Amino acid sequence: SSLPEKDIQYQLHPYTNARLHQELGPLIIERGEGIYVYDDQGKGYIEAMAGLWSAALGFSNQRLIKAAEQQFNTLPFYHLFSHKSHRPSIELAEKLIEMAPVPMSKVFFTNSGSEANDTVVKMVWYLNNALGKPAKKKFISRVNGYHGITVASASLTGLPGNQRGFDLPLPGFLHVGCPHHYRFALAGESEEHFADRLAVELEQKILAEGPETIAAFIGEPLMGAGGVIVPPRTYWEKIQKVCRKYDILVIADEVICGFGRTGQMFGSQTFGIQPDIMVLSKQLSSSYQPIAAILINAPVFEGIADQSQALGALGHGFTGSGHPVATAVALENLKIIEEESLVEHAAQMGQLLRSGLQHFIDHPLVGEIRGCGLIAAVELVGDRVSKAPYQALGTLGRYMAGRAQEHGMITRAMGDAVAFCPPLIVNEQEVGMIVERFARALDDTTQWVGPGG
């Protein structure tokens, strides 16, 4: 019984067509080193996604591995319930609060981004009950946002693939437009006027729903899984004025943007967001351990704290909340990002990545090249004027990604956009290789389609 046969036999894979998987089986990844991973045939791939937008320090950072060992050999597991605590969680929470781009009060730890956002939802409901506003419960998020996949966080999420078949979203989870100019702007509309229209949409939703019923607005500073969607100029400024106008919390989902991905330490800095709550994960630990953190500002903490007293204790927490190994690894991870000036380095590598891709700006199949910092995407189209896909939506993206993999590079297609989110430690010449392999995949795709013109 071979290893692929066992995988087919025993594992139900996430984000995978189960029947198709029974036919093709897995691609088994055996080992990692630097920005590379190698399959069970010995073939090497540049992991241009950093796994899942996450492996900031790459796939063989010994300092993270040692930090884990040291913590294992001290205290391999403990918890934070009932006043219990431990050093790694305490020092990580300290670090996170002091590096926060706006004044923050407290950290709450979870294992995952989905748990974190699920927890934010509950916290907001608990908060507003504590403040005597029991109607103020609804969340507003965006079409194509991704915020995880619990019953509640999938309701925040605005990708239909996370909702069809699942009876989601739940009631009370509202959606407004995807701020993607290329796709949803009217013909000859400015970024700024698009932003205006989106802010008016949101004010209109709030009034139709009754402002007293709206608790919070949540958004990724720029949307990751939904297509590396950079919001238009002035979006965040104008969306926030609306939120403050009706006393609505602003939650920044920084699970992908956090820790140097967008050219600065947080997407909230890059895009001028003053969030009341931040959600962090992925680069927090370069995914070497599962860990997420929620940062809450003073007003949010004080209301929650009052209620936890009235009710005896805060009735919430995961067994793994603040896990000493995961928190110890994250702490070292963050120190490395500081000590090696990887935010600034990522910004530079991001400029290289983008320039390299921009040699293809006038290619007949390239509709848009977008990104900032060290996150980017190239959205392919069948026709540039109409912006229509070749064959069905997704066809080009799937073909590109398959070619890229053939050429030793792992990228994820989101419809017809192919994404780049490489490790922060990527060096100049590695950026070159990434772009080369993108180009070879585009070439193959171009021969396959035969654009002519």
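Numbers for residues come from their place in the sequence shown, where the first is 1.
Engineer: Averaging only over Cα atoms, indicate whether 199-207 or 82-90 has the higher B-factor in the PDB entry.
Structural biologist: Higher mean C-alpha B-factor: 199-207.
Engineer: If you average the CA temperature factors as listed in the entry, which stretch comes out higher, 324-332 or 189-197?
Structural biologist: Higher mean C-alpha B-factor: 189-197.
Engineer: Out of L353, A313, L284, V120, which shows the largest CA B-factor listed in the entry?
Structural biologist: Of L353, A313, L284, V120, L353 has the highest C-alpha B-factor.
Engineer: How does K66 rank on Cα B-factor within its chain, lowest, middle or highest third?
Structural biologist: Tercile = highest for this residue's CA B-factor.
Engineer: Could you look up the Cα B-factor of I35 in the entry and say which third of the chain it sits in: lowest, middle or highest?
Structural biologist: Answer is middle: the recorded C-alpha B-factor places it there.
Engineer: Taking the entry's C-alpha B-factors for this chain, is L442 in the lowest, middle or highest third?
Structural biologist: Tercile = lowest for this residue's CA B-factor.
Engineer: By the record's CA B-factor, is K95 among the lowest, middle or highest third of residues in the chain?
Structural biologist: Middle third.
Engineer: Place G402 in the lowest, middle or highest third of its chain's C-alpha B-factors, as listed in the PDB entry.
Structural biologist: Lowest third of the chain for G402's C-alpha B-factor.
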